């Protein structure tokens, strides 16, 4: 929800990055520049905020610096118009910490395009050509709209490998439909 006397509330409407009060970032979106940590929160008039990441043993002031997938923390330091940190009514520095999960789908999305390129080869029967494409599009949609754990991304890489194996050559199909 929102911490007692804070000037910043975490924006839950961005379901792709915010869930159950936790933040999620896909390095793919970071590389394609689709992420801006300051849009994940709502600042009430008269206060500015500067975010800071904390992963391993270092702090990152700019999301682009994030290079590894893992568990980290997103923190938002709130400041008043005087440039100094805001002190909440309870007498504490007004800061907002969000548990962050960093994952990267880059590899998966490529593995998908590979299988997709393969699936569209007219050498494969249209039933498999399509069953595999549906499979890929279902995953694709999911990784675009929903946040995932890196552990979860790798499992979908496996699902894709398996779907690619469903492809069936028209040649084979034609030798089976043969009755001697």
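Numbering follows the first chain given and starts at 1.
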Of 20-28 and 159-167, the one with larger mean CA B-factor:
20-28
State which stretch shows the higher mean Cα B factor in the entry: 85-93 or 105-113.
105-113
So if I compare the CA B-factors in the entry for 66, 132, 40, 139, which one is the largest?
66
Name the residue from 123, 34, 148, 54 with the greatest C-alpha temperature factor listed in the entry.
34
Lowest, middle or highest third: where is residue 15 by Cα B-factor in its chain?
lowest
Would you mind ranking residue 174 by its C-alpha B-factor against the rest of the chain and naming the third, lowest, middle or highest?
middle
